[PDB]
Amino acid sequence: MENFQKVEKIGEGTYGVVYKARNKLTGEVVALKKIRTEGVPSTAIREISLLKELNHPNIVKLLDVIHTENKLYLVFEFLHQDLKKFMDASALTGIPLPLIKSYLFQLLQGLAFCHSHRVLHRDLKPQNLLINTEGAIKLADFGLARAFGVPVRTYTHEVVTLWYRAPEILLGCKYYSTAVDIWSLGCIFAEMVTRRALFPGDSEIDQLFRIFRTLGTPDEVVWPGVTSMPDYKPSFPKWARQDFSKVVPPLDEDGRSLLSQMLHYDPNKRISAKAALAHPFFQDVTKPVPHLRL
Ligand SMILES: N#Cc1ccc(O)c(-c2ncnc(N)n2)c1
């Protein structure tokens with residue numbers, strides 16, 4: 001727009017391209033996400049608009065919503081780096097455990113806040129987690145799959161990431177619960193620790209079977225109602241659960257215990273963000289400074 005002198009394209013979210021821009025008037029540097037379409041669910045503009053009211057240190061602030069010319073623009077506070085880039089940058093040495101712990105703790109605080117306000121993220125992934133030089137990490141993107149359903153791509157026919165999708169979504173559950181975010185965060189936690197995606201599926205069924213190969217094919221014992229799920233097939237192969245010590249080595253038992261609770265198959269047994277914050281894994285949590293090269 002003419003109010004912003006674009007600095008450059010920062011990326012390509014599942015809901016449009018993101019740019020870094022400076023407000024010629026206020027001098028403010030912000031992140032501008034433009035959403036892609038001839039109607040524009042005003043019921044969404046309303047919901048989205050509510051999100052501006054979300055204020056928490058671990059949630060990227062939504063500054064403004066701009067509806068114009070069949071295009072929707074979301075103006076967000078800007079942060080210099082996303083966790084995907086940071087993990088890639090730290091791939092040789094690994095993110096120190098105290099930093100991993102600090103990030104997980106902050107992310108759970110952010111989720112506990114959103115969830116207590118009846119807001120689900122639904123598409124958590126490293127690229128959607130932003131960090132700054134002061135050790136903070138914040139949740140970005142957000143209430144969109146709700147206020148938009150679910151597009152088949154991102155915008156430029158880009159490939160949607162399934163790696164962090166909870167099993168109930170993959171099995172066709174039509175009602176997501178806050179548990180889907182805990183699952184995604186659990187996947188992210190594991191990835192920070194091992195430096196490799198936990199479940200790198202390249203299709204919906206491959207995503208599901210990678211989950212099954214590791215945690216065991218679910219059954220009515222561990223997940224009451226699973227065999228009645230929309231996309232459940234009795235023909236699914238039945239894999240034995242793998243010892244957890246093999247999944248996220250060399251993470252200690254407090255961490256493995258917490259992860260196991262975030263990855264429970266039954267959305268109802270899956271730990272809540274609030275309960276996770278009380279887990280013993282966070283007894284010695286601190287707030288370290290990351291080595292960020294911008
Ligand atoms: N949605 C959103 C959103 C909001 C604020 C942001 O700063 C970013 C972002 N995305 C990628 N890289 C960097 N540096 N920032 C994305």
# chains A, B, ... in the order shown; residues from 1 in each chain; ligands from 1
call {"tool": "closest_atom_pairs", "arguments": {"of": "chain A", "to": "ligand 1", "cutoff": "6 Å", "atoms": "only C-alpha atoms and all ligand atoms", "output": "Markdown table"}}
result
| residue | atom | partner | partner_atom_place_in_ligand_line | distance |
| --- | --- | --- | --- | --- |
| A:10 | CA | ligand 1 | 12 (N) | 5.5 |
| A:11 | CA | ligand 1 | 11 (C) | 5.9 |
| A:31 | CA | ligand 1 | 5 (C) | 4.8 |
| A:76 | CA | ligand 1 | 4 (C) | 5.0 |
| A:77 | CA | ligand 1 | 5 (C) | 5.6 |
| A:78 | CA | ligand 1 | 7 (O) | 3.7 |
| A:79 | CA | ligand 1 | 7 (O) | 3.9 |
| A:80 | CA | ligand 1 | 14 (N) | 3.9 |
| A:81 | CA | ligand 1 | 14 (N) | 4.1 |
| A:82 | CA | ligand 1 | 12 (N) | 5.2 |
| A:140 | CA | ligand 1 | 1 (N) | 5.0 |
| A:141 | CA | ligand 1 | 1 (N) | 4.1 |
call {"tool": "select_by_dssp", "arguments": {"residues": "segment 84-145 of chain A", "states": "strand (DSSP E or B)", "output": "PyMOL selection string"}}
result
chain A and resi 129-131+137-139
call {"tool": "residues_around", "arguments": {"residues": "residue 110 of chain A", "least_positions_apart": "4", "cutoff": "8 Å", "atoms": "only C-alpha atoms", "output": "list in words"}}
result
residues 56, 57, 58, 59, 106, 114, 138 and 139 of chain A
call {"tool": "atom_distance", "arguments": {"atom1": "atom CA of residue 205 of chain A", "atom2": "atom CA of residue 251 of chain A"}}
result
28.4 Å
call {"tool": "closest_residue", "arguments": {"among": "A:88, A:123, A:69, A:64", "to": "residue 15 of chain A", "atoms": "only C-alpha atoms"}}
result
A:123
call {"tool": "atom_distance", "arguments": {"atom1": "atom CA of residue 279 of chain A", "atom2": "atom CA of residue 113 of chain A"}}
result
17.1 Å
call {"tool": "residues_around", "arguments": {"residues": "residue 134 of chain A", "least_positions_apart": "4", "cutoff": "9 Å", "atoms": "only C-alpha atoms", "output": "VMD selection string"}}
result
chain A and resid 287 to 290
call {"tool": "write_last_selection", "arguments": {"atoms": "N, CA, C and O atoms", "output": "PDB file, in the first residue's frame"}}
result
ATOM      1  N   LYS A 287      15.545 -18.010  31.520  1.00  0.00           N
ATOM      2  CA  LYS A 287      15.321 -17.326  30.261  1.00  0.00           C
ATOM      3  C   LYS A 287      16.654 -16.902  29.652  1.00  0.00           C
ATOM      4  O   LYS A 287      17.103 -15.761  29.827  1.00  0.00           O
ATOM      5  N   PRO A 288      17.318 -17.835  28.946  1.00  0.00           N
ATOM      6  CA  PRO A 288      18.608 -17.564  28.306  1.00  0.00           C
ATOM      7  C   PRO A 288      18.447 -16.672  27.080  1.00  0.00           C
ATOM      8  O   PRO A 288      17.349 -16.533  26.543  1.00  0.00           O
ATOM      9  N   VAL A 289      19.565 -16.092  26.659  1.00  0.00           N
ATOM     10  CA  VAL A 289      19.666 -15.219  25.491  1.00  0.00           C
ATOM     11  C   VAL A 289      20.084 -16.063  24.289  1.00  0.00           C
ATOM     12  O   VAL A 289      21.087 -16.770  24.347  1.00  0.00           O
ATOM     13  N   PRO A 290      19.345 -15.998  23.183  1.00  0.00           N
ATOM     14  CA  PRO A 290      19.823 -16.829  22.075  1.00  0.00           C
ATOM     15  C   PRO A 290      20.934 -16.100  21.296  1.00  0.00           C
ATOM     16  O   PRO A 290      21.021 -14.871  21.330  1.00  0.00           O
TER      17      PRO A 290
END
call {"tool": "residues_around", "arguments": {"residues": "residue 245 of chain A", "least_positions_apart": "5", "cutoff": "12 Å", "atoms": "only C-alpha atoms", "output": "short mmCIF file (atom, residue, chain, number, x, y, z; two decimals) with C-alpha atoms, in the first residue's frame"}}
result
data_model
loop_
_atom_site.label_atom_id
_atom_site.label_comp_id
_atom_site.auth_asym_id
_atom_site.auth_seq_id
_atom_site.Cartn_x
_atom_site.Cartn_y
_atom_site.Cartn_z
CA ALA A 190 11.00 -33.07 19.86
CA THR A 194 16.81 -34.10 18.10
CA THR A 214 6.46 -44.53 16.31
CA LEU A 215 3.66 -44.33 18.90
CA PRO A 250 19.22 -37.80 24.62
CA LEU A 251 16.38 -35.90 26.36
CA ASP A 252 16.13 -36.64 30.13
CA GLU A 253 13.14 -38.44 31.72
CA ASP A 254 11.41 -35.21 32.82
CA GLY A 255 11.44 -34.04 29.23
CA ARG A 256 10.47 -37.44 27.82
CA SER A 257 7.65 -37.68 30.35
CA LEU A 259 6.59 -35.03 25.66
CA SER A 260 4.77 -38.35 26.13
#
call {"tool": "residues_around", "arguments": {"residues": "residue 147 of chain A", "least_positions_apart": "6", "cutoff": "10 Å", "atoms": "only C-alpha atoms", "output": "list in words"}}
result
residues 41, 42, 43, 44, 45, 46, 47 and 48 of chain A
call {"tool": "write_last_selection", "arguments": {"atoms": "C-alpha atoms", "output": "PDB file, in the first residue's frame"}}
result
ATOM      1  CA  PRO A  41     -16.494 -14.081   4.886  1.00  0.00           C
ATOM      2  CA  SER A  42     -17.303 -10.967   6.919  1.00  0.00           C
ATOM      3  CA  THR A  43     -17.981 -13.412   9.745  1.00  0.00           C
ATOM      4  CA  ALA A  44     -14.224 -13.946   9.581  1.00  0.00           C
ATOM      5  CA  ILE A  45     -13.367 -10.246   9.494  1.00  0.00           C
ATOM      6  CA  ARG A  46     -15.392 -10.048  12.696  1.00  0.00           C
ATOM      7  CA  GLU A  47     -13.638 -13.010  14.331  1.00  0.00           C
ATOM      8  CA  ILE A  48     -10.221 -11.914  13.069  1.00  0.00           C
TER       9      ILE A  48
END
call {"tool": "atom_distance", "arguments": {"atom1": "atom CA of residue 208 of chain A", "atom2": "atom CA of residue 100 of chain A"}}
result
26.2 Å
call {"tool": "closest_residue", "arguments": {"among": "A:14, A:272, A:127, A:49", "to": "residue 151 of chain A", "atoms": "only C-alpha atoms"}}
result
A:14
